[PDB]
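S.K.: The structure that follows is given in the form of structure tokens.
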Amino acid sequence: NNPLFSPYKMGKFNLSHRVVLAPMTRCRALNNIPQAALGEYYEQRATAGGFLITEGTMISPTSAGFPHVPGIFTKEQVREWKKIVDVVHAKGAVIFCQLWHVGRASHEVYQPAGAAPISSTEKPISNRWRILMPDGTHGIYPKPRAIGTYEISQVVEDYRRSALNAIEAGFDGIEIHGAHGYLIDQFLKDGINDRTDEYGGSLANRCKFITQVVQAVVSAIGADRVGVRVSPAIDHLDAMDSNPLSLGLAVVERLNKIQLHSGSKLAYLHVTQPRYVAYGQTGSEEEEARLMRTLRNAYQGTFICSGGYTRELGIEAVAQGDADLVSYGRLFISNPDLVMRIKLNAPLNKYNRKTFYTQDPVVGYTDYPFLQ
Ligand SMILES: Cc1cc2nc3c(=O)[nH]c(=O)nc-3n(C[C@H](O)[C@H](O)[C@H](O)COP(=O)(O)O)c2cc1C
Ligand SMILES: CCOC(=O)/C(=N\O)C(=O)CC
């Protein structure tokens with residue numbers, strides 16, 4: 001009776017329900033090494049036939065813009081990820097590793113040798129935004145270094161190698177974080193990308209980087225193990241575009257083309273609701289709904305929606321055909337058994353923003369209780 005619990009074939013993965021763990025940075029992976037705490041956390045939230053997406057994971061030493069976020073670019077990181085994937089698979093869940101490069105959304109403190117973060121541009125995020133520092137204070141986003149096309153090709157290889165490392169750790173697949181003003185989105189958004197070479201200017205040129213990243217990982221591990229996350233309209237880290245809908249449709253067209261040329265469909269397209277922001281709660285609601293349905297209708301495959309969803313809104317999204325899967329973030333922080341609570345329509349427990357990004361392996365992380 002609940003459409004969130006009708007099964008869904010996500011390529012080769014048979015999911016038993018459509019409630020997805022959205023990718024959430026939590027900063028418990030001390031020194032960028034996956035910790036046992038992550039295993040307990042993902043294990044708590046894993047269900048038989050349920051789909052989990054990990055926190056954004058570094059693809060290279062320049063990828064981070066948060067403290068104690070995990071990487072998957074070293075063999076040490078792969079070894080520790082394997083233990084976490086093992087306990088998630090022990091419960092019959094499917095798990096993808098989100099590959100995350102923040103680009104200009106970093107700080108000297110997070111870069112090797114304190115170097116400038118890399119980006120499409122030299123323009124910094126404005127002082128409207130602040131970066132969380134390792135000591136819990138807020139820092140200023142610095143001026144990034146605009147990389148050339150050889151360096152771009154090396155970042156693409158960082159995605160390729162990290163996708164292979166994810167498969168070696170036992171992940172079922174990876175998600176490309178191409179959203180929220182991070183590195184890929186710094187190429188996509190014409191409010192950021194001021195390049196005059198073949199990666200800037202036109203919409204085709206601005207889409208080159210994400211196309212090359214997706215093509216690289218598809219070639220490496222197979223289309224059916226690759227999800228792609230974008231957010232054509234978002235209020236995060238000055239990632240504006242003059243025509244968000246056309247930008248989204250240009251990206252979708254390239255994903256459709258990659259699928260045709262590879263003869264296989266991606267695992268999914270994951271799109272953030274424009275209402276979702278990092279700095280608080282929640283143009284017009286109809287324009288935002290138009291954008292989501294337009295992208296879904298344009299994409300030849302599985303659509304995951306995310307951002308501000310509740311039990312009722314997730315049911316509606318699946319019932320109306322607005323999405324195939326619904327990913328939940330904050331409610332999954334505070335309800336380890338969110339899937340069961342949604343099935344039972346049991347009351348949900350509140351989440352505590354204060355411990356979203358702290359380092360404690362337990363407090364605010366794995367000590368939210370299950371249903372009594
Ligand atoms: C603490 C926190 C960390 C997040 N980290 C990521 C991330 O690393 N990568 C990403 O794509 N989205 C990230 N998100 C956005 C979520 O994936 C998800 O889309 C969002 O939380 C959905 O909205 P909801 O919290 O109302 O369910 C994060 C959200 C929160 C609250
Ligand atoms: C508001 C959209 O941005 C996000 O959700 C996000 N990463 O993708 C973060 O907040 C970094 C922790």
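Simple scheme: letters A, B, ... for chains in structure tokens order, numbers from 1 for residues in each chain, numbers from 1 for ligands in the order shown.
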Quick one: DSSP alpha helix (DSSP H) residues in range 120-280 of chain A, as an NGL selection string?
M.R.: :A and (149-168 or 183-188 or 203-206 or 208-221 or 244-262)
S.K.: Tell me which protein, DNA and RNA residues are within 12 Å of range 280-288 of chain A, counting only C-alpha atoms, leaving out same-chain ones fewer than 4 positions away, and put them as a list in words.
M.R.: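 What passes the distance filter is residues 231, 232, 233, 234, 235, 236, 244, 245, 271, 272, 273, 274, 275, 276, 292, 293, 294, 295, 306, 307, 308, 309, 310, 330 and 353 of chain A.
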S.K.: Between A:226, A:53, A:240, A:220, which has the minimum distance to ligand 1 (counting only C-alpha atoms and all ligand atoms)?
M.R.: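 Among the listed residues, the smallest separation from ligand 1 belongs to A:53.
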S.K.: Calculate how many Å separate CA of residue 326 in chain A from atom 28 (C, counted along the ligand's line) of ligand 1, rounding to one decimal.
M.R.: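 Atom 28 (C, counted along the ligand's line) of ligand 1 lies at a distance of 14.2 Å from CA of residue 326 in chain A.
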S.K.: Can you work out which residues are within 8 Å of ligand 1, considering only C-alpha atoms and all ligand atoms, and then hand them over as a VMD selection string?
M.R.: chain A and resid 21 to 26 54 to 57 98 100 177 to 180 229 272 276 278 282 306 to 310 327 to 332 353 356 to 357
S.K.: In Å, rounded to a single decimal, give me how far CA of residue 128 in chain A is from CA of residue 63 in chain A.
M.R.: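 Here the two named atoms are 22.0 Å from each other.
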S.K.: Contacts of residue 132 in chain A at 9 Å or less, counting only C-alpha atoms, minus same-chain residues fewer than 2 places along, as a ChimeraX atom specification?
M.R.: /A:65-67,130,134-139,357
S.K.: Let me see the file: selected residues, N, CA and C atoms, as a PDB file, in the first residue's frame.
M.R.:
ATOM      1  N   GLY A  65      37.438  19.650   1.769  1.00  0.00           N
ATOM      2  CA  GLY A  65      37.126  20.975   2.280  1.00  0.00           C
ATOM      3  C   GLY A  65      36.415  20.894   3.620  1.00  0.00           C
ATOM      4  N   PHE A  66      36.493  19.731   4.259  1.00  0.00           N
ATOM      5  CA  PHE A  66      35.980  19.454   5.594  1.00  0.00           C
ATOM      6  C   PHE A  66      37.034  18.650   6.339  1.00  0.00           C
ATOM      7  N   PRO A  67      37.025  18.675   7.668  1.00  0.00           N
ATOM      8  CA  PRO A  67      38.007  17.882   8.406  1.00  0.00           C
ATOM      9  C   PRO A  67      37.528  16.445   8.532  1.00  0.00           C
ATOM     10  N   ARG A 130      31.279  30.657   4.895  1.00  0.00           N
ATOM     11  CA  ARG A 130      32.435  30.393   5.738  1.00  0.00           C
ATOM     12  C   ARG A 130      32.692  28.899   5.743  1.00  0.00           C
ATOM     13  N   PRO A 134      39.187  22.870  11.255  1.00  0.00           N
ATOM     14  CA  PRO A 134      39.344  21.657  12.076  1.00  0.00           C
ATOM     15  C   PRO A 134      39.068  21.881  13.556  1.00  0.00           C
ATOM     16  N   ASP A 135      39.218  23.106  14.056  1.00  0.00           N
ATOM     17  CA  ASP A 135      38.968  23.376  15.468  1.00  0.00           C
ATOM     18  C   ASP A 135      37.540  23.831  15.736  1.00  0.00           C
ATOM     19  N   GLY A 136      36.674  23.810  14.727  1.00  0.00           N
ATOM     20  CA  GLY A 136      35.291  24.191  14.907  1.00  0.00           C
ATOM     21  C   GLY A 136      35.004  25.660  14.696  1.00  0.00           C
ATOM     22  N   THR A 137      36.024  26.471  14.448  1.00  0.00           N
ATOM     23  CA  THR A 137      35.795  27.853  14.069  1.00  0.00           C
ATOM     24  C   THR A 137      35.456  27.905  12.584  1.00  0.00           C
ATOM     25  N   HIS A 138      35.106  29.100  12.114  1.00  0.00           N
ATOM     26  CA  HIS A 138      34.768  29.324  10.714  1.00  0.00           C
ATOM     27  C   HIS A 138      35.881  30.116  10.049  1.00  0.00           C
ATOM     28  N   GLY A 139      36.312  29.662   8.875  1.00  0.00           N
ATOM     29  CA  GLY A 139      37.365  30.319   8.141  1.00  0.00           C
ATOM     30  C   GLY A 139      36.851  30.968   6.867  1.00  0.00           C
ATOM     31  N   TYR A 357      28.878  17.566  12.297  1.00  0.00           N
ATOM     32  CA  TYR A 357      30.244  17.571  11.764  1.00  0.00           C
ATOM     33  C   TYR A 357      31.313  17.447  12.842  1.00  0.00           C
TER      34      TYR A 357
END
S.K.: Could you work out how far CA of residue 33 in chain A lies from CA of residue 77 in chain A, giving the answer in Å with one decimal?
M.R.: 5.5 Å
S.K.: Output as JSON lines one row per residue of range 149-183 of chain A within 9 Å of range 114-127 of chain A: the closest atom pair and its distance in Å to one decimal place, counting only C-alpha atoms, sorted by chain and residue number ascending.
M.R.:
{"residue": "A:152", "atom": "CA", "partner": "A:120", "partner_atom": "CA", "distance": 8.9}
{"residue": "A:182", "atom": "CA", "partner": "A:119", "partner_atom": "CA", "distance": 8.8}
{"residue": "A:183", "atom": "CA", "partner": "A:119", "partner_atom": "CA", "distance": 6.2}
S.K.: With N, CA and C atoms kept, could you save the residues just selected as a JSON list (two decimals), in the first residue's frame?
M.R.:
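Once everything was written out, this is result-v6.json:
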[["chain", "number", "residue", "atom", "x", "y", "z"],
["A", 152, "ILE", "N", 43.21, 19.22, -15.43],
["A", 152, "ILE", "CA", 41.85, 18.69, -15.51],
["A", 152, "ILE", "C", 41.88, 17.21, -15.84],
["A", 182, "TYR", "N", 30.56, 22.36, -5.79],
["A", 182, "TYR", "CA", 31.88, 21.75, -5.61],
["A", 182, "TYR", "C", 32.56, 21.66, -6.98],
["A", 183, "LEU", "N", 33.65, 20.89, -7.12],
["A", 183, "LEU", "CA", 34.54, 21.10, -8.27],
["A", 183, "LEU", "C", 33.82, 20.96, -9.61]]
S.K.: Considering only C-alpha atoms, state which residue in the set A:370, A:8, A:303, A:150 is at the smallest distance from residue 334 in chain A.
M.R.: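 Of A:370, A:8, A:303, A:150, the one nearest residue 334 in chain A is A:370, counting only C-alpha atoms.
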S.K.: Any idea what's packed within 8 Å of residue 325 in chain A, counting only C-alpha atoms, ignoring anything in its chain fewer than 5 positions away? Could you give it as a PyMOL selection string?
M.R.: chain A and resi 4+18-20+302-305+318
S.K.: How would the residues just chosen look if you wrote them out with N, CA, C and O atoms as a PDB file, in the first residue's frame?
M.R.:
ATOM      1  N   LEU A   4       6.648   3.663  -1.306  1.00  0.00           N
ATOM      2  CA  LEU A   4       8.050   3.575  -0.921  1.00  0.00           C
ATOM      3  C   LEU A   4       8.507   2.134  -0.728  1.00  0.00           C
ATOM      4  O   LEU A   4       9.712   1.870  -0.753  1.00  0.00           O
ATOM      5  N   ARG A  18      12.400   1.987  -1.575  1.00  0.00           N
ATOM      6  CA  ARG A  18      12.885   3.154  -2.297  1.00  0.00           C
ATOM      7  C   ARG A  18      13.398   4.252  -1.382  1.00  0.00           C
ATOM      8  O   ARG A  18      13.624   5.378  -1.848  1.00  0.00           O
ATOM      9  N   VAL A  19      13.583   3.951  -0.100  1.00  0.00           N
ATOM     10  CA  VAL A  19      14.140   4.888   0.870  1.00  0.00           C
ATOM     11  C   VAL A  19      15.658   4.767   0.836  1.00  0.00           C
ATOM     12  O   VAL A  19      16.217   3.722   1.177  1.00  0.00           O
ATOM     13  N   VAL A  20      16.331   5.838   0.426  1.00  0.00           N
ATOM     14  CA  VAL A  20      17.774   5.824   0.225  1.00  0.00           C
ATOM     15  C   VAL A  20      18.443   6.675   1.293  1.00  0.00           C
ATOM     16  O   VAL A  20      17.948   7.753   1.640  1.00  0.00           O
ATOM     17  N   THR A 302      16.828   5.957 -14.071  1.00  0.00           N
ATOM     18  CA  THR A 302      16.386   6.037 -12.685  1.00  0.00           C
ATOM     19  C   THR A 302      16.687   7.410 -12.106  1.00  0.00           C
ATOM     20  O   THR A 302      17.789   7.932 -12.265  1.00  0.00           O
ATOM     21  N   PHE A 303      15.700   7.979 -11.411  1.00  0.00           N
ATOM     22  CA  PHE A 303      15.780   9.327 -10.856  1.00  0.00           C
ATOM     23  C   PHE A 303      15.617   9.253  -9.343  1.00  0.00           C
ATOM     24  O   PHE A 303      14.615   8.720  -8.847  1.00  0.00           O
ATOM     25  N   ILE A 304      16.603   9.765  -8.614  1.00  0.00           N
ATOM     26  CA  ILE A 304      16.539   9.893  -7.161  1.00  0.00           C
ATOM     27  C   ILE A 304      16.365  11.366  -6.837  1.00  0.00           C
ATOM     28  O   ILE A 304      17.159  12.198  -7.286  1.00  0.00           O
ATOM     29  N   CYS A 305      15.337  11.694  -6.063  1.00  0.00           N
ATOM     30  CA  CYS A 305      15.163  13.065  -5.608  1.00  0.00           C
ATOM     31  C   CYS A 305      15.644  13.171  -4.168  1.00  0.00           C
ATOM     32  O   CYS A 305      15.644  12.189  -3.423  1.00  0.00           O
ATOM     33  N   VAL A 318       7.016   9.234  -5.226  1.00  0.00           N
ATOM     34  CA  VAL A 318       6.981   7.956  -5.926  1.00  0.00           C
ATOM     35  C   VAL A 318       5.609   7.733  -6.552  1.00  0.00           C
ATOM     36  O   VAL A 318       5.500   7.269  -7.693  1.00  0.00           O
TER      37      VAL A 318
END
S.K.: What lies within 10 Å of residue 219 in chain A using only C-alpha atoms, ignoring chain neighbours under 5 positions off, as a ChimeraX atom specification?
M.R.: /A:160,213-214,262
S.K.: Write a file of the just-selected residues containing N, CA and C atoms, as a PDB file, in the first residue's frame.
M.R.:
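Contents of the output file part.pdb:
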ATOM      1  N   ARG A 160      38.695   8.249 -11.906  1.00  0.00           N
ATOM      2  CA  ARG A 160      38.767   6.897 -12.450  1.00  0.00           C
ATOM      3  C   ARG A 160      39.421   5.948 -11.459  1.00  0.00           C
ATOM      4  N   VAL A 213      34.371  13.129 -16.688  1.00  0.00           N
ATOM      5  CA  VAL A 213      34.435  12.388 -15.430  1.00  0.00           C
ATOM      6  C   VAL A 213      33.527  11.170 -15.497  1.00  0.00           C
ATOM      7  N   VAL A 214      32.293  11.365 -15.962  1.00  0.00           N
ATOM      8  CA  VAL A 214      31.355  10.251 -16.015  1.00  0.00           C
ATOM      9  C   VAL A 214      31.829   9.204 -17.015  1.00  0.00           C
ATOM     10  N   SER A 262      27.645   3.671 -24.467  1.00  0.00           N
ATOM     11  CA  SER A 262      28.116   2.553 -23.661  1.00  0.00           C
ATOM     12  C   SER A 262      27.183   1.350 -23.712  1.00  0.00           C
TER      13      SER A 262
END
